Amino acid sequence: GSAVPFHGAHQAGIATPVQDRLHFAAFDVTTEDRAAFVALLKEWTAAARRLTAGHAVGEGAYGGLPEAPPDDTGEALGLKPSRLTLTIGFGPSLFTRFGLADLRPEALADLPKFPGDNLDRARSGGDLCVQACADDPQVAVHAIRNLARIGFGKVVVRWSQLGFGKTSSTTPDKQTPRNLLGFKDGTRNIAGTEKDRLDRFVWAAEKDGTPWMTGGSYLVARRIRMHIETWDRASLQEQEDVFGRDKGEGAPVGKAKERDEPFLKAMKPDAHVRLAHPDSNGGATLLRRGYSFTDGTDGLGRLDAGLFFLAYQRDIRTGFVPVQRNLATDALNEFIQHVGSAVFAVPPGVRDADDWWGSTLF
């Protein structure tokens, strides 16, 4: 239940080992006062320092003046830091405010429309996001809930997604988690230890064209419904054919071990791994960091379940966009549907205790 350092050239929550649980919130800004928004970012940064150390925000959750509401709502008392990370991003829509228009990064591209999209606009977009990842779901919910409260009057919660289990890995030496289709998910990703690959594929560089984004990254979120009724009636072979790996061990078809390298020509041409592989996409590589969800029932007698997909990359135009375009013929398409979407510019890290979220932009 240890604590992930909050400061760094890069924000935590990206290369960091993937924590077991997720609370993701998109916010919309309701103030048009740049000074007030800057003040919010500083307050938020200070609260995140405490929250990620497992401490209450401000003066605490109790023991203050009886006539004052407590600084912290208290539901994380007695819990551990739980490897909490808090990662902020800025949406394209934010750059219509605070005189920021000319600072929107080129690499923060709006996505094209994709075949089979059914995007719920109310569960899409957002002026900004906060990604809360922790091994304890209540540590994550508490962070989001208290950030929202601190921002009362200046921002609102547009949409929020709980992820009950991870479907990603930045630690290939560790057990790979499974998604709700029963397959290991995260085998061939990017590790936090592969500093070279993160520099190449994840972190924006000064020369890419947006100096304030140096050391940040670009994030794509996709809420993906899974047609579990359809999947659960499919034979084992069909499921294995869909991905290009076997279900039990997770090894590429033909091979014996999960982490044996794919031999792509042995997979079906519409196999998910074959279409998504960097070698099929001009080298394009993603840091996938998604989680599973279930939100009630569909009103039709079935659980509503899916995968809240997250992908970090140096440039949306060289990462998610080409790979997703190449999944147009993916056999997995028969079993999923994209029903929410948003993109964000994730600024560089909080350098020290004097720095604050977004300082390079503001």
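Numbering starts at 1 and follows the sequence shown.
Enquirer: Averaging CA B factors per stretch from the PDB record, which one is higher: 73-81 or 174-182?
Expert: According to the entry, 73-81 carries the higher average C-alpha B-factor.
Enquirer: If you take the mean CA temperature factor per stretch, which one wins between 157-165 and 99-107?
Expert: According to the entry, 99-107 carries the higher average C-alpha B-factor.
Enquirer: Among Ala26, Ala305, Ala35, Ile336, which residue carries the highest C-alpha B-factor recorded in the PDB entry?
Expert: The listed residue with the largest C-alpha B-factor is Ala305.
Enquirer: Between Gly283, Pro211, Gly126, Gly215, let me know which has the highest C-alpha B-factor in the entry?
Expert: Most elevated C-alpha B-factor of the set, per the entry: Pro211.
Enquirer: Considering only modelled residues of the same chain, in which third does the CA B-factor of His55 rank: lowest, middle or highest?
Expert: For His55, whose C-alpha B-factor we compare with every modelled residue in the chain, the answer is the highest third.
Enquirer: In terms of the CA temperature factor given in the entry, to which third of its chain does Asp135 belong: lowest, middle or highest?
Expert: Middle third, going by the recorded CA B-factors of the chain.
Enquirer: Taking only the Cα B-factors deposited for this chain, tell me whether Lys207 sits in the lowest, middle or highest third.
Expert: It belongs to the highest third of the chain when residues are ordered by C-alpha B-factor.
Enquirer: Report the third (lowest, middle or highest) to which the CA temperature factor of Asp241 belongs, ranking only the modelled residues of the same chain.
Expert: For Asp241, the deposited C-alpha B-factor lands in the lowest third.
Enquirer: Should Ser93 be placed in the lowest, middle or highest third of its chain by the C-alpha B factor in the entry?
Expert: Ranked within chain, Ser93 CA B lands in the middle tercile.
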